[PDB]
Amino acid sequence: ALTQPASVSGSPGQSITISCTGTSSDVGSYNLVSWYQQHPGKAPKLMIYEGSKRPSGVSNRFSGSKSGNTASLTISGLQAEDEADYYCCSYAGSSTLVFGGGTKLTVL
Amino acid sequence: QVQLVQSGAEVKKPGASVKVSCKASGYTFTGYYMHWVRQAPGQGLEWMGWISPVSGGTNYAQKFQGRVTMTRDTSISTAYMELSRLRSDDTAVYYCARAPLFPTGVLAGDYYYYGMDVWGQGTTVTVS
Amino acid sequence: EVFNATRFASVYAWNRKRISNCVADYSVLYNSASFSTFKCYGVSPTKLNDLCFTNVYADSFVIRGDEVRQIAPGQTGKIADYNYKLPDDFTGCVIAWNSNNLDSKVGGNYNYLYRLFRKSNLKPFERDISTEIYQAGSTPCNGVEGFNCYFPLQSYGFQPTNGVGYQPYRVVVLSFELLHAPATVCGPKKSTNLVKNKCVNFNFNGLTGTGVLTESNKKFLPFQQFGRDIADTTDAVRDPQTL
Amino acid sequence: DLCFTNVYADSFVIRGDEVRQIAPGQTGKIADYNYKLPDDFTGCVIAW
Amino acid sequence: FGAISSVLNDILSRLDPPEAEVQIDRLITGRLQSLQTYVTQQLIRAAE
Amino acid sequence: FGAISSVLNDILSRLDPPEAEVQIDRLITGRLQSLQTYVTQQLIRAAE
Amino acid sequence: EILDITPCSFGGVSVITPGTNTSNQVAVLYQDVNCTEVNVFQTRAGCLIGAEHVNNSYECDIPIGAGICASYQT
Amino acid sequence: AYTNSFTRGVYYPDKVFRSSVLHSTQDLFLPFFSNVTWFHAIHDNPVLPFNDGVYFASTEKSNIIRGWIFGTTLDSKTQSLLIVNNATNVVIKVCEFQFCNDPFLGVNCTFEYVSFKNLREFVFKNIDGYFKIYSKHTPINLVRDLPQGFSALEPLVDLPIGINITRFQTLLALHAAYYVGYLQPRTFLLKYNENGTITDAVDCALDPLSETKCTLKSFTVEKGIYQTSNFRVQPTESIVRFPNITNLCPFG
Ligand SMILES: *[C@@H]1O[C@H](CO)[C@@H](O)[C@H](O)[C@H]1NC(C)=O
Ligand SMILES: *[C@@H]1O[C@H](CO)[C@@H](O)[C@H](O)[C@H]1NC(C)=O
Ligand SMILES: *[C@@H]1O[C@H](CO)[C@@H](O)[C@H](O)[C@H]1NC(C)=O
């Protein structure tokens, strides 16, 4: 029920950003944002929790932010391995911790 | 070492019901809201529900509210998901989702955070 | 039926067995070295087979290793306040032994639950099986869990690889009560021969003294066991064997 | 009903995106180069 | 006077010395206080 | 009167304040009771 | 402003009565207090209820206080 | 309907034998001369609370009152104590029976026991989960109201049920007036004669004469004047006084 790009393109080393807007009720009112990264044939891997906090082990290049109803995942220094899908989510009032259209990041 | 084995692939006829098994180990089984998240082939990922093996408490998506029945047997430490009245867009790969923390984080928002240990794959091909 | 039981109950739903009209030698409770903890507060353990009380209740359950120290008068804690409260003037004893080899599955025994959320402290010898969703926050919880609405019970993780502090411990408590009713349960204490008209040491249902017992004519009611004087001393006694 | 020894009022003006960066253990440009809050922060913050 | 019962036989047969001693101490202190009051009353009555 | 010794200096030199205080309390309680008995007897004898 | 603090009505109460086989009538006297916050006679010894004040003086039967006392008569 | 309780509501407080002694003790007793509820059975069996014990009086001529139930909800959802007596057998149970809209008699089980012209007095109390039931039967000749007199109750039933009870109800035998009252923690002075039977009782929570009786520890007070601890007037409210401090904090 969230809206993120379906695919974002960037160059190696560049700082790219992928946003996703929810509503004033889900993103505009909760710092419960979620950012996953999934590789093809692989399980989804959490990248960012609570809007801007990084779980243990997640590389610092992934940074989180939010403005009103849109959260933002900023990957500084894009790498070849940074090619994957990203799935943001926001608490929606009930159930539960789902996401956006999913964005495939390609590194030219 | 959280190990998570999902049951095998299935083919189904539409309108029928499918039951997928989900056997966990390597951690405190009952201490997690475990979710069930699906994804159509080459599509986006789709969450379906979660369960507490403790107290049997669970909660599904309104989209799935009514067609999904999620159960668990903590003795073998194994959760289960059923979807009756199947159809074509139900063809997808399903997983469970073991959560990051423990809900002894009294208000640690547990378990509204995440799934840290995801399951291998369960392909449901609902084709006549 | 308690010690050699195949299964026990949960923490909050502890098993309560009331005993009446039996004998207990208590010697098996002393020689058995399997008991990790044996703390008698109200009555000394050595002087147990020579006293006598009216009734006794045995409350058995299974808890964590760290909670074993919580069964004490005046002691506070999670189990001591939300699962089982012991009065300060508790006249009884507590036994506890580790059973990690029995009550622990290969992947974790989750059949044992304990209450962790409650808005009030429990009363002495109170049993509460209220499964209502606890309201931690200010929002009402109308049968729906989630934020500020958590389950009042939580399951134990009993794995064979856990430390001694997180191991399952079977804990039983014996509570004795003594009223004016005839004393039922105590040690065997074989009755000696009755002798009349002689200064001897008399003992009746624990009441021990020295005096001369003589035939009487006071008609005592069927429920009147002992007779006291103005100075609270015993003046007449009913034979616990014959009327 | 609790009354303390001393009060410290830190006043400033930030951007609309930095409103989420004012919290103990926050990451960002403002939370690292301009104003950082300790993890054991005993107080409150009001932004308008 | 703080004891569990006014009869000493119950304490002697039930409790161990580590606490029977303090119970007996309380009992004998109360009893000696009462005896002192009684003998003072008897002394003043005998003087009268 | 329940103390380990009738002499006070040995109690002060052998025990710590946490228990020396209780020992001194018991000793002064016993001595005060004995002094009350003595002064009551003295008042009775003085009246006679 | 200055305000004086005074402990309100408190004082050892008492109850006077003749023998049991004579009658069952009883009187109650609140001593050293004025029973305004509670057949009443107010004297320096407090206030007595149950008895009737009579101007005719007689021999004192049961001493009450302040030269006043009660009896049981027709 | 309401009626008086001149001298009823007395029983043996313990099982200690006494003889020719005046013993004062505080326990749950029925206040003397208090108003008690009255019900009829002509041509009527509501649920009454069980806050602090109940005293019951039944004037019977054909054994109509034949059952009593104690509990909280009385809908087979919790444990309830049922006591019935069919004219030759006394059945006592604590099981959870399914009760109808109006339980009566026509002409999870943890305990089970199987064994106007008549005034039967009963008293039911709960002490630390122990249900105590005392009773006393006597022959009387009265139809209008309760006859005035003094009669103690002997200890009959003591059950360690440990069941929280807040309400109770009676059960008749359809093809019988009765009085109910509540107990209070009162201090009573009882007189034991040479036979050990309670012949008289004084309740010093009623009038100052009984107060002096409790004081002198005797049923007969001589000509004189006495009392006990003083009566003090309690404060009506609380008055908080604090400064009007003018200095504000320059948060503005
Ligand atoms: C009360 O009894 C005494 C002693 O027998 C007697 O002298 C007195 O007259 C009696 N009182 C009355 C009012 O008869
Ligand atoms: C005592 O109270 C009475 C009213 O009951 C009043 O008339 C009298 O003046 C009062 N006496 C004093 C000394 O206040
Ligand atoms: C007491 O009991 C005896 C024994 O039957 C009886 O003879 C007597 O009348 C009773 N009453 C008194 C006052 O002794």
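Brief remarks follow.
- Within region H:148-198, considering residues that are within 27 Å of residue H:47 (Cα to Cα) and basic (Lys, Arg), the one farthest from ligand 3 (Cβ to nearest atom): H:167
- Checking each residue in region C:192-243 for being within 9 Å of chain H (Cβ to nearest Cβ), farther than 17 Å from residue C:51 by Cβ and out of contact with any strand residue (DSSP E or B) (no Cβ under 8 Å at 6 or more places or on another chain) picks out C:219, C:222, C:224.
- Any hit, region G:46-63, residues being within 11 Å of chain H (Cβ to nearest Cβ), away from ligand 2 (no atom under 16 Å from the Cβ) and not acidic (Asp, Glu): yes
- If you go through region C:212-228 and pick out every residue that is in a strand (DSSP E or B) and loosely packed, with under 13 Cβ neighbours inside 10 Å, you end up with 1.
- Scanning region G:1-15 for residues that are under 16 Å from residue H:232 (Cα atoms), more than 16 Å from ligand 2 (Cβ to nearest atom) and in a loop (DSSP other than H, G, I, E, B) gives a single hit, G:12.
- Of all residues in region H:199-209, those satisfying the criterion of being away from chain G (no Cβ under 14 Å) and more than 14 Å from ligand 3 (Cβ to nearest atom) are H:201, H:203, H:205.
- When restricted to residues that are under 22 Å from residue A:13 (Cα atoms) and of a type in the set (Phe, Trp, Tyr), region A:49-65 contains 1.
- Which numbered condition residue B:110 misses (of (1) among the charged types (D, E, K, R); (2) away from every other protein chain (no Cβ under 12 Å); (3) farther than 17 Å from residue B:22 by Cβ): (2)
- Taking region B:32-49 as the range and being within 10 Å of residue B:94 (Cα to Cα) and surrounded by fewer than 18 Cβ atoms within 10 Å (Cβ to Cβ) as the test, only B:40 passes.
- Test for residue H:238: is it within 16 Å of ligand 1 (Cβ to nearest atom) and either among the β-branched types (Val, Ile, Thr) or more than 22 Å from the chain's Cα centre (by Cα) (or both): no
- Restricting B:72, B:98 to those that are within 18 Å of residue B:2 (Cα to Cα), within 13 Å of chain A (Cβ to nearest Cβ) and either among the charged types (D, E, K, R) or under 15 Å from the mean Cα position of the chain (by Cα) (or both) reduces the list to B:98.
- Residue pairs meeting the criteria (Cβ under 6 Å; at least 6 apart or on separate chains; first part of a strand (DSSP E or B), in region C:175-194; second aromatic (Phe, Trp, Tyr) and surrounded by 14 or more Cβ atoms within 10 Å (Cβ to Cβ)): C:175/C:57; C:176/C:53
- As a summary of the residue check, residue H:108 satisfies the conditions (1) assigned to a strand (DSSP E or B); (2) touching an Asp or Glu at 6+ places or on another chain (Cβ under 8 Å) except for the one numbered (1).
- Residues located in region C:195-243, provided they are closer than 18 Å to residue H:12 by Cα and among the basic types (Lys, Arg): C:218, C:219, C:228
- Listed by first and then second residue, the pairs with beta-carbon distance under 6 Å, at least 6 apart or on different chains, first residue in region D:25-48 and part of a loop (DSSP other than H, G, I, E, B), second among the hydrophobic types (A, V, I, L, M, F, W, C) and surrounded by 10 or more Cβ atoms within 10 Å (Cβ to Cβ), are D:45/D:22; D:47/D:19.
- Where a residue in region A:48-67 is within 14 Å of residue D:32 (Cα to Cα) and its partner, wherever it lies, is surrounded by fewer than 20 Cβ atoms within 10 Å (Cβ to Cβ), with Cβ under 6 Å and at least six apart: A:52/D:27; A:63/A:74
- Under the condition of being within 16 Å of ligand 2 (Cβ to nearest atom) and among the polar types (S, T, N, Q), the residues counted in region G:16-33 number 1.
- Conditions (1) within 14 Å of chain B (Cβ to nearest Cβ); (2) among the polar types (S, T, N, Q); (3) farther than 21 Å from residue B:113 by Cβ: number failed by residue A:37: (3)
Quick reminder, even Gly has a Cβ in these numbers, built from the backbone with ideal geometry, and neighbours come from all protein chains shown. We did not get these values from a lab; they are worked out from the coordinates using the rules stated.
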